[PDB]
């Protein structure tokens, strides 16, 4: 099963591709992108590039400029082999920059503008552990 956990953003989107076979997780790819222009074309292209079995997203809120993107993805993959799972922020508390720092920290510690890739990565891990 191929997991595509993405950290939704307009100009700063990012997603990490994992492979989960036999309780053995493996980082297949990591990529930054740009959905500031022609988001619809790029959103489908980027998320279908690796044919994920599961796409993980973070809850956005109707007042967010990212909300349109989360609902497009749900509709696009609705009734297909890919299942879209939406979660809550991996990190919560302190200030905005506080969560963005421990996210990047946790990220580089696990490998062995980074906050977008860090988030996407950490989001997949938080999901996989379930």
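Positions refer to the first chain, counted from 1.
Student: From residue 112 to residue 113, how many deposited residues does the entry skip: none, 1 to 3, 4 to 9, or 10 or more?
Tutor: Per the record, 10 or more deposited residues are absent between residue 112 and residue 113.
Student: Can you let me know which of the two, 24-32 or 74-82, has the higher average C-alpha B-factor in the entry?
Tutor: It is 24-32 that shows the higher mean C-alpha B-factor.
Student: If you average the CA temperature factors as listed in the entry, which stretch comes out higher, 92-100 or 33-41?
Tutor: So the stretch with the higher mean C-alpha B-factor is 92-100.
Student: Which third of the chain does residue 55 land in by C-alpha B-factor: lowest, middle or highest?
Tutor: Residue 55: CA B-factor falls in the lowest third of its chain.
Student: Could you tell me which third, lowest, middle or highest, the C-alpha B-factor of residue 105 occupies within its chain?
Tutor: Top third by C-alpha B-factor.
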